[PDB]
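These notes are about the structure you will find just below.
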Amino acid sequence: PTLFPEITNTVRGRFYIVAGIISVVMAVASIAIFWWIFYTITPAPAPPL
Amino acid sequence: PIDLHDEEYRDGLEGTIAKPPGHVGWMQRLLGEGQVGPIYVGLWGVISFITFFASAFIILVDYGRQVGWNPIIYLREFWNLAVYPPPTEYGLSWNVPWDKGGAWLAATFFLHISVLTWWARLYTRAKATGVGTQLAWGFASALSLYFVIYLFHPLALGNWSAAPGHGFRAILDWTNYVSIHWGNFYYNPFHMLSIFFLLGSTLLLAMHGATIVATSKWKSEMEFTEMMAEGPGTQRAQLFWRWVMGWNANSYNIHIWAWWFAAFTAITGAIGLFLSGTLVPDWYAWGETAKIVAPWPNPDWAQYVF
Amino acid sequence: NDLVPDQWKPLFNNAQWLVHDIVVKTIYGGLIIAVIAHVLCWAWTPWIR
Amino acid sequence: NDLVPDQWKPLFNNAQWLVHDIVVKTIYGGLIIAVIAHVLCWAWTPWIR
Amino acid sequence: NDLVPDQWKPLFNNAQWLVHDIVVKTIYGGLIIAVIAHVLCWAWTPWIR
Amino acid sequence: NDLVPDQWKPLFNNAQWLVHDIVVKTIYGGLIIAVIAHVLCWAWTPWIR
Amino acid sequence: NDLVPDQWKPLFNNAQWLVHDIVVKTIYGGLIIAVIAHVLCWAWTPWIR
Amino acid sequence: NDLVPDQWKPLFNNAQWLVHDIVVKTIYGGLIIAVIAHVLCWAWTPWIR
Amino acid sequence: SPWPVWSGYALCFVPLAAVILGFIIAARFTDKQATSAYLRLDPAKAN
Amino acid sequence: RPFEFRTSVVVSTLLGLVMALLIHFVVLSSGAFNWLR
Amino acid sequence: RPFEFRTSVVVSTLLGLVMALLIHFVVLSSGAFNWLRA
Amino acid sequence: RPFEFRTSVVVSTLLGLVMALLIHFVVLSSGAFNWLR
Amino acid sequence: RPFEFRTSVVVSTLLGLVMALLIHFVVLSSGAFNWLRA
Amino acid sequence: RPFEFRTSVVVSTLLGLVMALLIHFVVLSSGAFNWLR
Amino acid sequence: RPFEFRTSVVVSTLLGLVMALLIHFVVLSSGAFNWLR
Amino acid sequence: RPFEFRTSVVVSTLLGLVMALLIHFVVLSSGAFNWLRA
Amino acid sequence: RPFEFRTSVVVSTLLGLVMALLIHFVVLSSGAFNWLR
Amino acid sequence: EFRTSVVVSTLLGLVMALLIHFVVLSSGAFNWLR
Amino acid sequence: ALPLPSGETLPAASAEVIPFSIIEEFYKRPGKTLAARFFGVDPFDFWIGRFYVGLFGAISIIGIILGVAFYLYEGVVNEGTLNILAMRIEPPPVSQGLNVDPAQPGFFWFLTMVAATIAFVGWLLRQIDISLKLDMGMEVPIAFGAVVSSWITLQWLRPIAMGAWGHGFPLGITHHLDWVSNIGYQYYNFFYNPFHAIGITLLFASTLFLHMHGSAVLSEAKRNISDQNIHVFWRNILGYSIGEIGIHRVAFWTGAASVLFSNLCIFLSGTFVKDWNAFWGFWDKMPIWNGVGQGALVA
Amino acid sequence: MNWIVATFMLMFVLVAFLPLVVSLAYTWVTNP
Amino acid sequence: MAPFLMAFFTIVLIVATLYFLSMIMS
Ligand code: BCL
Ligand code: BCL
Ligand code: BCL
Ligand code: BCL
Ligand code: BCL
Ligand code: BCL
Ligand code: BCL
Ligand code: BCL
Ligand code: BCL
Ligand SMILES: CC(C)=CCC/C(C)=C/C=C/C(C)=C/C=C/C(C)=C/C=C/C=C(C)/C=C/C=C(C)/C=C/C1=C(C)C(=O)CCC1(C)C
Ligand SMILES: [Fe+3]
């Protein structure tokens, strides 16, 4: 039982859900990995004298 | 009584060149037309060509002399090279060394001749094609601003140094220096009016372009035909702008609106620039005396420090 | 509309009663999980004080 | 509109009466919950003083 | 306009008279509550002095 | 426009006479209230001096 | 223009004579009130000196 | 072209003659008032010296 | 000295009022010309 | 008639509301009454 | 009819809500009542 | 007629309102009457 | 009828949600309750 | 005729109003009369 | 019926998503939870 | 005729008014007459 | 004929007016006559 | 659509690689290139 | 005689004299707005006078009224100036940070700025709805969205990125110019910012294009010409005629691009850059000319 | 400076650039 | 105790996503 047969029955409409989920996951993963790498290998900014 | 084939396909002087038209292709895909087409040459335009290129040759040769005739340094410092007017001493005299303002005077004279001959070319071709001559008067209104900047303002001040120095970076420096000299043009009322008209012109251009492109499915871009009888696209545009802000125009009034915005921009700018130095030596003091300056006793200055 | 009750027959369809049941069950499960999560969050650090 | 009361025939459809009843019940429950929340907040920290 | 009075027949429809009555009652209740609130606030703290 | 008087027929419609009367009564009530408020404010503190 | 005078028939309508009369009476009242206000203000504090 | 004099028939309309007379009378009265005001101001404080 | 100078008066408040009145008048007459009756293509026939 | 009832009502209501707001704001700004602290 | 019922209702509701919001904000900001931390 | 009644009414009413507001503002701003503190 | 039931439902729900969000935001910004370290 | 009545009335009224306002404001700002303090 | 079931489902789901995102953002921005350190 | 009456009248009136205003401004700005408080 | 009377009249009038204004302003700004102080 | 996925993946990979090499080089924490 | 749209009265196509009332009545077609698709019904789907009121029209009008009220209150009250050219509506101090307190000054600046943002977004959505009811394109919403993004960059993104929230502009007539001047001179030679120069170029080009198009269309309105005179005129001068459909496309694109580059330069100047003269220190050090000169011509 | 928030806001600005680019691409794809 | 809670919410999100996908994808 579904309310959107065109989206939960056909393969072409069923592919869009996985495509969107993968897109969101890839964006989040790329952002997180880049910022983690940037903040891990950087020296301490301000050493007082 | 006007044969367009003759006006586009004559020979010799008073005729055209580049007669076999070219084709670019991508301009036809993106803009709808890609014909390079022939170009007219009729003794109003030969003079402009010769005078403009004489001025350009003078300026470029002075640029070359300023770098010791080194082509590599010529490419290095091209965008910060300039040919300045004579210094403040010997205000309006022409007995000046060539490297101390002599070349600037000659180049400016040839440029004046070139712009006047270009206006003559525009007027004559508008007359010869059968159309009106509105473009000539618009160009006149911009030449008014140009001549105030380059001729009429240095006169009545007593020196040639009140004019720009013919360079890529020299116009920006001239604008900054003129602002600093005479107080602050933010408190110049004619600067305010010019800015109002300029931003209104940009707003109107964007609105008109978007409106016509949105209704182009019904051939709304054919202005010449719509002025005879309105069509569905013009009706839709009128209804849209009536339902958005409560009033609208037809396909004939908007062009008058645009023309007058641009003309007012140029004229108010010229008047403000001329009035800046001769009558009001300090715009901020005038604004304070006119009660158009906000009190400012206790600033929070931490915003403006690094 | 055979499986729908008499009182809600004019408002619901046979293919929508099951989906409504699924939505109700999902809401209740989400509420239970939210209660658990809120209890753990309070156990971590109070927010009212 | 057989289920609609006699006074409210010209405004209410037979299907809309049930939804109106549900909305009224939900509003009343929310009002009671809001009263309890306001009493608790006053007992915690008075806001008029 | 069977239920609308004769004087207001040219202005009011049958289905708007009841809505107008509801609005009038709501306004009267609102003014009563507003009067009570203003009296309480003046008792707590005068704002004129 | 039978209800409108003889003199005001060319300028008034039958339905607008009632609205005009309502507006006039509202304005008169507002004027009386404004007069009372101005007198009270002057009694509080004169503003001309 | 039956009610309009013979001298002013080419310039005035029948429904505009009444509005003109109202405007004229209002202006006369305004002039009288303005004269009184000016007299009292001068009696209070002269502005020419 | 019946109330206009014979000389001014080609220039004036039968409806604009009345407006012209009104304007002329207004200008005459304004000029007289302005002359009196200027005389009074000069008697108060000369502006040329 | 609560009042501005005469040059301030002219240069500021004459152009501002002129611009406001001119804009309102031009808009009113543009709307009048736009909403008038003239030749048009019938929307029922035109598609 | 030159003016409709609806236009007159709209203009009068807007003018009255704007005038009331302006007068209240000016009286509050002047600080000559000792009102609202 | 000079005006429609729905227009009157909508205009009245908007004006009332705007006035209530403005009055609450002004009274809160004036700080003359000792409400919500003085 | 050159001018309609509605145009005259609109022009006169707007001019009167504008002049009244301007005169009140100028008299208040002069500070020569001892009004509103 | 002057207004439909579903239109009234939409208007009421949206107004209530907006008012609830505004009241929580204002109470939090006041900082008078010691909520979320405030 | 070269000019119509409406144009003449409009130009005259506009010029008169502008000159009157300008003259009053210039005289007030000059401070040479002892008017309004 | 006054409201289609599909429209109700879509509206409720979108409202829930927006509320969850907004509440996470506000709670994480607060001084008690400093973005989870 | 080379020129219409309207063009001549308009040009003459505009020139006269502009010249009058300019001459009054230039004369009164010089401060060489002692008019209206010096 | 090569030129119309109208164009010659217009050009002559404009040139004369411009020259008169320019010469008056140049003489006044030279400050060599003791005119207007 | 296959083309959009390929284009997005290629540009994302290239941009990430270039940015990460630049960041690592500017960090000066590896003793690479003096 | 048949009256033409321009104003001509030409004695006598399928055209005819039609009053505007018929066109206005024909094209109503209610029930196609953006809110109708989402909720299944538009709560306000009518006209009040000449205006169409929708779901977002109410939001826009509420924002407008509230913003104007708050603006007048801050400037008439709490300042006591009574004139609009000396008002100075400031945000909270930079020291306060990103938090807002009603007791502290600068709260009504927050109220006015939020109300203005709501009104602007509501106007954009209303334009989208009116475009969607008439089966038109979405071009005007794109241009206005460029303008609204320019507003959001100045009042939301930059203050949040800089983190102190005192970095937004005062809303005062003649006083936002003070903020512009001080910000421009803090990062000295704001001329030398590349995107500011691109924006100025686009602005000037837009004005020139508007004047040219207005002149060209006005030069042929009331003449017996063959519709191809303008093309010959534009090919004889400059040797190119864009055409009817290209000029409007160019106008829309230039107008949008100018504001886009301007908001880019303002945001970049706020955070990632400190001095625009030091930004060009990389130029003379590139290894194609760093060793070719002597004396003053070195570098 | 927090460089994450600044980069996020920069991403929002570059997103704001997008609709004009989409309009250009649509105009190019049509009118073949 | 923050990382444990982060893992808990992430696991809950993954489980819910997988369950709903399996429900739809069948
Ligand atoms: C720090 C700098 C100062 C400042 C100092 C000045 C100065 C100084 C001037 C202006 C002027 C202008 N200012 Mg300002 N201005 C500042 C701040 C601003 C701000 C702002 C947001 O802060 C804005 C929007 C403006 C806006 C503007 C314009 C309204 C105006 C120029 C109009 C124009 O089209 O010129 C473009 C028009 C021309 C350049 C005319 C000349 C060109 C002619 C038409 C054609 C020549 C062609 C040539 C010969 C080449 C042909 C051949 C080639 C091969 C093509 N200013 C600050 C306060 N500004 C001008 C003005 O009018 O002021 C009253 C002016 O002189
Ligand atoms: C950290 C402590 C914080 C706080 C942090 C949060 C956070 C963070 C959130 C809440 C949320 C809520 N909070 Mg809490 N909360 C606090 C204190 C309170 C107080 C109070 C007076 O003190 C109250 C009354 C509440 C009340 C509430 C509720 C309104 C709500 C949880 C129930 C709900 O909506 O269920 C109804 C909701 C559901 C049934 C949703 C169920 C969703 C399921 C799990 C599916 C997820 C998506 C799924 C994977 C998708 C699959 C298909 C795809 C196609 C792949 N909180 C304190 C200050 N609170 C949560 C919420 O839902 O807000 C809207 C939320 O996100
Ligand atoms: C803490 C003490 C604070 C304060 C904090 C708040 C806050 C915070 C709120 C209120 C609210 C209200 N306050 Mg209080 N309030 C204070 C003092 C006052 C004073 C006063 C004179 O002092 C007054 C007159 C009020 C008056 C009011 C009312 C306008 C309103 C509560 C009734 C209502 O409208 O219910 C009508 C509302 C409902 C019936 C809500 C129904 C919601 C339903 C039940 C759904 C809930 C969400 C849930 C997740 C959904 C589940 C299903 C989903 C499908 C998953 N407050 C003090 C200063 N008050 C609340 C409100 O509703 O404002 C609009 C509110 O948000
Ligand atoms: C305190 C003493 C202050 C002062 C403070 C104020 C204030 C404050 C106000 C006025 C207003 C007015 N002042 Mg006073 N005023 C002063 C001195 C003066 C002087 C003078 C020469 O000294 C004069 C001539 C006036 C003259 C005037 C009038 C123009 C006007 C009141 C009459 C009017 O127009 O009613 C016409 C108005 C109406 C008929 C309104 C009727 C409204 C009805 C009753 C509804 C009210 C709202 C309702 C409750 C909302 C809920 C409805 C729901 C359906 C339940 N004032 C001094 C300086 N004055 C008031 C005004 O209305 O100005 C426009 C006003 O607000
Ligand atoms: C708020 C806007 C509401 C509204 C609210 C009300 C209210 C409330 C009332 C009416 C009433 C009436 N309305 Mg209704 N009504 C609206 C829309 C309409 C429309 C329409 C749009 O078509 C119409 C035709 C009507 C028509 C009418 C009549 C049927 C009826 C009697 C009018 C009369 O003769 O009053 C003649 C009398 C007057 C005009 C009195 C005016 C008094 C003035 C305003 C002064 C009041 C001072 C105040 C009490 C002072 C308080 C002081 C403080 C306490 C200190 N209303 C809108 C939707 N209407 C009344 C009714 O139902 O009576 C049975 C009624 O009580
Ligand atoms: C604290 C003391 C403050 C002050 C604080 C306030 C505040 C705060 C408010 C007012 C408001 C008003 N004030 Mg007071 N006021 C002060 C001094 C004055 C003075 C004076 C001379 O000093 C005057 C003349 C007034 C006059 C007024 C009126 C204009 C108005 C109240 C009557 C009204 O509108 O009834 C008619 C009102 C109604 C018909 C409202 C009906 C509302 C219905 C019942 C719904 C209620 C909300 C509820 C949550 C809905 C739930 C729905 C769900 C589906 C369940 N105030 C002092 C300075 N005043 C109120 C107002 O309405 O402003 C616009 C208001 O909000
Ligand atoms: C205090 C002493 C001040 C001063 C203060 C003012 C002020 C303040 C004002 C004037 C105004 C005027 N002054 Mg004085 N004036 C001074 C000295 C002078 C001198 C002089 C040489 O010394 C002169 C020549 C004048 C001359 C004039 C006129 C230009 C004008 C009144 C004429 C008019 O139109 O009446 C006719 C007036 C009317 C027809 C108005 C009718 C208004 C109607 C009745 C509505 C009123 C509002 C009411 C609430 C409506 C309620 C119902 C609702 C609409 C439904 N003043 C000194 C310096 N003067 C007044 C004016 O009208 O300016 C335009 C004005 O406001
Ligand atoms: C500086 C030393 C003196 C002084 C020295 C002089 C001298 C010397 C002279 C004047 C003259 C004038 N002076 Mg002075 N003047 C002084 C101080 C003042 C003050 C003042 C407030 O102090 C004022 C208001 C004036 C005012 C005036 C004018 C009355 C007059 C010039 C009128 C004009 O514009 O003609 C030009 C006007 C026009 C060409 C336009 C005419 C239009 C007509 C009236 C209406 C046409 C309407 C019709 C519809 C139009 C149709 C065509 C349209 C295009 C449609 N003087 C000081 C004290 N003054 C001059 C004079 O006396 O002139 C007679 C003069 O020679
Ligand atoms: C104080 C002494 C000042 C000065 C102060 C003023 C002021 C102030 C004014 C003038 C005005 C004028 N001055 Mg003087 N003037 C000075 C010195 C001079 C000198 C000089 C050489 O010294 C000259 C030549 C002039 C010349 C002039 C004229 C151009 C003009 C008066 C005549 C006119 O045009 O009436 C034609 C005018 C009319 C026909 C007006 C008629 C108006 C009608 C009666 C309506 C009035 C308004 C009323 C409220 C309406 C109410 C009802 C509603 C309509 C329903 N002045 C000195 C320096 N002078 C006045 C003028 O008109 O300037 C443009 C003016 O306002
Ligand atoms: C500072 C330094 C060193 C400068 C360098 C020095 C130099 C270079 C000087 C150059 C000077 C020159 C070139 C001067 C030129 C003067 C001229 C051309 C004046 C024209 C007058 C034209 C006149 C009087 C025309 C009048 C026209 C009239 C009376 C028209 C009248 C009429 C015409 C014809 C109509 O239809 C109908 C209306 C009406 C009957 C009134
Ligand atoms: Fe066009």
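Following the order of the structure tokens, chains are lettered A, B, ..., residues in each are numbered from 1, and ligands are numbered from 1.
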Is it possible to see chain C as a compact mmCIF listing (two decimals) with N, CA, C and O atoms, in the first residue's frame, once it has been laid onto chain F by a least-squares fit on every C-alpha atom in order?
# COMPACT_ATOMS: atom_id res chain seq x y z
N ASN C 1 -32.68 52.50 -4.63
CA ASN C 1 -32.60 53.76 -3.90
C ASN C 1 -33.96 54.27 -3.43
O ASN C 1 -34.41 55.35 -3.83
N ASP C 2 -34.61 53.50 -2.56
CA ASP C 2 -35.92 53.86 -2.02
C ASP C 2 -35.85 54.59 -0.69
O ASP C 2 -36.68 55.47 -0.44
N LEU C 3 -34.89 54.25 0.17
CA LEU C 3 -34.77 54.88 1.48
C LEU C 3 -34.01 56.19 1.45
O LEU C 3 -34.03 56.92 2.44
N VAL C 4 -33.35 56.51 0.34
CA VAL C 4 -32.56 57.74 0.23
C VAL C 4 -33.50 58.93 0.11
O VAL C 4 -34.57 58.81 -0.51
N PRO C 5 -33.16 60.08 0.69
CA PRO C 5 -33.99 61.27 0.49
C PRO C 5 -33.93 61.77 -0.94
O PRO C 5 -33.02 61.44 -1.71
N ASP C 6 -34.93 62.58 -1.30
CA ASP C 6 -35.04 63.07 -2.67
C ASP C 6 -33.85 63.94 -3.05
O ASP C 6 -33.34 63.84 -4.17
N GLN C 7 -33.40 64.80 -2.14
CA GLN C 7 -32.34 65.74 -2.47
C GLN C 7 -31.01 65.05 -2.73
O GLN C 7 -30.23 65.50 -3.57
N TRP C 8 -30.74 63.95 -2.03
CA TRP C 8 -29.47 63.23 -2.15
C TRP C 8 -29.60 61.94 -2.94
O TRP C 8 -28.67 61.13 -2.94
N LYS C 9 -30.73 61.73 -3.62
CA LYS C 9 -30.92 60.51 -4.39
C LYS C 9 -29.90 60.34 -5.52
O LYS C 9 -29.36 59.22 -5.66
N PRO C 10 -29.59 61.34 -6.34
CA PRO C 10 -28.61 61.12 -7.41
C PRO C 10 -27.20 60.84 -6.92
O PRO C 10 -26.37 60.38 -7.71
N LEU C 11 -26.90 61.10 -5.65
CA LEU C 11 -25.55 60.91 -5.13
C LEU C 11 -25.39 59.64 -4.30
O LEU C 11 -24.27 59.14 -4.18
N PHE C 12 -26.47 59.10 -3.73
CA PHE C 12 -26.37 57.99 -2.79
C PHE C 12 -27.27 56.84 -3.22
O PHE C 12 -28.27 57.02 -3.90
N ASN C 13 -26.88 55.64 -2.79
CA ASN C 13 -27.58 54.40 -3.07
C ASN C 13 -28.27 53.92 -1.80
O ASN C 13 -27.95 54.36 -0.69
N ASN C 14 -29.23 53.01 -1.97
CA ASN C 14 -29.95 52.47 -0.82
C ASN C 14 -29.02 51.73 0.13
O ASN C 14 -29.21 51.77 1.35
N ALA C 15 -28.01 51.05 -0.41
CA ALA C 15 -27.06 50.30 0.41
C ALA C 15 -25.95 51.17 0.97
O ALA C 15 -25.12 50.66 1.73
N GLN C 16 -25.90 52.46 0.62
CA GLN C 16 -24.88 53.36 1.13
C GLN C 16 -25.40 54.35 2.16
O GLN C 16 -24.61 54.89 2.93
N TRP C 17 -26.71 54.60 2.19
CA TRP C 17 -27.27 55.53 3.17
C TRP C 17 -27.07 55.02 4.60
O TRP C 17 -26.71 55.78 5.50
N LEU C 18 -27.30 53.72 4.82
CA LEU C 18 -27.10 53.14 6.14
C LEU C 18 -25.63 53.20 6.56
O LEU C 18 -25.32 53.50 7.72
N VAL C 19 -24.72 52.92 5.63
CA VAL C 19 -23.30 52.98 5.94
C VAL C 19 -22.88 54.41 6.25
O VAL C 19 -22.06 54.66 7.14
N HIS C 20 -23.45 55.38 5.53
CA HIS C 20 -23.17 56.79 5.83
C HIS C 20 -23.66 57.15 7.22
O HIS C 20 -22.99 57.88 7.96
N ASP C 21 -24.84 56.66 7.60
CA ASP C 21 -25.35 56.91 8.95
C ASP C 21 -24.42 56.32 10.00
O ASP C 21 -24.14 56.96 11.03
N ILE C 22 -23.93 55.10 9.76
CA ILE C 22 -23.00 54.47 10.70
C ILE C 22 -21.72 55.28 10.82
O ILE C 22 -21.19 55.48 11.92
N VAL C 23 -21.20 55.78 9.69
CA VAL C 23 -19.98 56.59 9.72
C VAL C 23 -20.21 57.87 10.50
O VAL C 23 -19.34 58.30 11.28
N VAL C 24 -21.35 58.52 10.30
CA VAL C 24 -21.64 59.77 11.01
C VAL C 24 -21.72 59.52 12.52
O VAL C 24 -21.16 60.29 13.32
N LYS C 25 -22.41 58.46 12.92
CA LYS C 25 -22.50 58.14 14.35
C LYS C 25 -21.13 57.83 14.94
O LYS C 25 -20.82 58.25 16.06
N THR C 26 -20.31 57.09 14.20
CA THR C 26 -18.96 56.79 14.67
C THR C 26 -18.14 58.06 14.84
O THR C 26 -17.40 58.20 15.82
N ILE C 27 -18.26 58.99 13.90
CA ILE C 27 -17.52 60.25 14.00
C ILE C 27 -17.94 61.03 15.23
O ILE C 27 -17.10 61.57 15.97
N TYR C 28 -19.25 61.11 15.48
CA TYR C 28 -19.72 61.86 16.65
C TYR C 28 -19.27 61.22 17.96
O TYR C 28 -18.82 61.91 18.88
N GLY C 29 -19.37 59.89 18.05
CA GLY C 29 -18.88 59.21 19.24
C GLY C 29 -17.40 59.40 19.46
O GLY C 29 -16.94 59.62 20.59
N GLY C 30 -16.62 59.33 18.38
CA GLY C 30 -15.19 59.58 18.50
C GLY C 30 -14.88 60.99 18.95
O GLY C 30 -13.96 61.21 19.74
N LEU C 31 -15.65 61.97 18.47
CA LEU C 31 -15.44 63.35 18.91
C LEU C 31 -15.73 63.50 20.40
O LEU C 31 -15.00 64.19 21.12
N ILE C 32 -16.80 62.86 20.88
CA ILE C 32 -17.12 62.94 22.31
C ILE C 32 -16.00 62.32 23.15
O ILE C 32 -15.55 62.88 24.16
N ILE C 33 -15.52 61.14 22.73
CA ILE C 33 -14.45 60.48 23.46
C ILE C 33 -13.17 61.31 23.42
O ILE C 33 -12.43 61.37 24.40
N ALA C 34 -12.90 61.95 22.29
CA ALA C 34 -11.73 62.80 22.17
C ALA C 34 -11.82 64.01 23.10
O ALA C 34 -10.82 64.42 23.69
N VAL C 35 -13.01 64.60 23.22
CA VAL C 35 -13.19 65.71 24.15
C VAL C 35 -12.91 65.27 25.57
O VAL C 35 -12.23 65.96 26.34
N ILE C 36 -13.42 64.09 25.95
CA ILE C 36 -13.17 63.56 27.29
C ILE C 36 -11.67 63.36 27.51
O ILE C 36 -11.11 63.76 28.54
N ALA C 37 -11.00 62.73 26.53
CA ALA C 37 -9.58 62.45 26.67
C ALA C 37 -8.77 63.74 26.78
O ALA C 37 -7.82 63.82 27.56
N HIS C 38 -9.13 64.76 26.00
CA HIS C 38 -8.42 66.03 26.07
C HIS C 38 -8.63 66.70 27.42
O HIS C 38 -7.70 67.30 27.97
N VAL C 39 -9.84 66.60 27.98
CA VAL C 39 -10.08 67.18 29.30
C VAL C 39 -9.22 66.50 30.36
O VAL C 39 -8.59 67.16 31.19
N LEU C 40 -9.16 65.17 30.33
CA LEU C 40 -8.29 64.47 31.28
C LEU C 40 -6.82 64.81 31.07
O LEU C 40 -6.07 64.97 32.05
N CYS C 41 -6.37 64.92 29.82
CA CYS C 41 -4.97 65.25 29.57
C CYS C 41 -4.63 66.64 30.09
O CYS C 41 -3.54 66.85 30.64
N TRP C 42 -5.53 67.61 29.91
CA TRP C 42 -5.29 68.93 30.49
C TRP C 42 -5.28 68.86 32.01
O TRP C 42 -4.48 69.55 32.66
N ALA C 43 -6.16 68.05 32.60
CA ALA C 43 -6.14 67.88 34.04
C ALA C 43 -4.83 67.27 34.52
O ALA C 43 -4.40 67.52 35.65
N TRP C 44 -4.17 66.47 33.67
CA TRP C 44 -2.90 65.87 34.05
C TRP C 44 -1.80 66.93 34.05
O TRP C 44 -1.20 67.22 35.09
N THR C 45 -1.51 67.50 32.87
CA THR C 45 -0.47 68.52 32.71
C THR C 45 -0.85 69.48 31.59
O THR C 45 -1.12 69.05 30.46
N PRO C 46 -0.89 70.79 31.86
CA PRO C 46 -1.18 71.75 30.79
C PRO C 46 -0.09 71.75 29.73
O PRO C 46 1.09 71.53 30.03
N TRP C 47 -0.49 72.01 28.49
CA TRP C 47 0.45 72.05 27.37
C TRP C 47 0.62 73.43 26.76
O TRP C 47 1.49 73.59 25.89
N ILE C 48 -0.17 74.42 27.17
CA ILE C 48 -0.05 75.78 26.66
C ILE C 48 0.74 76.66 27.62
O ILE C 48 1.69 77.33 27.22
N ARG C 49 0.36 76.67 28.89
CA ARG C 49 1.05 77.46 29.91
C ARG C 49 1.02 78.95 29.58
O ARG C 49 2.02 79.51 29.12
Least-squares overlay of chain N on chain O, all C-alpha in order, gives RMSD 1.4 Å
Could you produce a table of the residues of chain P lying within 8 Å of ligand 8, with the nearest pair of atoms per residue and their separation in Å rounded to one decimal, using only C-alpha atoms and all ligand atoms, ordered by chain and increasing residue number, as a tab-separated table?
residue	atom	partner	partner_atom_place_in_ligand_line	distance
P:9	CA	ligand 8	52 (C)	6.0
P:10	CA	ligand 8	54 (C)	4.2
P:11	CA	ligand 8	54 (C)	7.5
P:12	CA	ligand 8	39 (C)	6.9
P:13	CA	ligand 8	39 (C)	4.7
P:14	CA	ligand 8	54 (C)	6.7
P:15	CA	ligand 8	39 (C)	7.0
P:16	CA	ligand 8	39 (C)	3.8
P:17	CA	ligand 8	38 (C)	4.5
P:18	CA	ligand 8	34 (O)	7.9
P:19	CA	ligand 8	36 (C)	7.6
P:20	CA	ligand 8	34 (O)	4.9
P:21	CA	ligand 8	34 (O)	6.7
P:24	CA	ligand 8	1 (C)	6.2
P:27	CA	ligand 8	1 (C)	5.8
P:28	CA	ligand 8	1 (C)	5.7
P:33	CA	ligand 8	2 (C)	7.1
P:35	CA	ligand 8	58 (C)	6.0
P:36	CA	ligand 8	22 (O)	7.4
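Based on only C-alpha atoms and all ligand atoms, the protein and nucleic acid residues found within 6 Å of ligand 10 are, by chain and then by number, residues 2, 3 and 8 of chain P; 12, 13, 15, 16 and 23 of chain Q.
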**OP:** Please identify every polymer residue within 6 Å of ligand 1, using only C-alpha atoms and all ligand atoms, and present the set as JSON, numbers by chain.
**Re:** {"B": [142, 143, 145, 146, 175, 176, 178, 179, 185, 186, 190, 191, 194, 195, 198, 269, 270, 272, 273], "S": [204]}
List every residue of chain A that DSSP, applied to the backbone of this structure, assigns to helix (DSSP H, G or I), and report them as a PyMOL selection string. chain A and resi 5-8+11-40
Taken to one decimal, the atom CA of residue 240 of chain S-atom CA of residue 36 of chain B distance is 5.5 Å
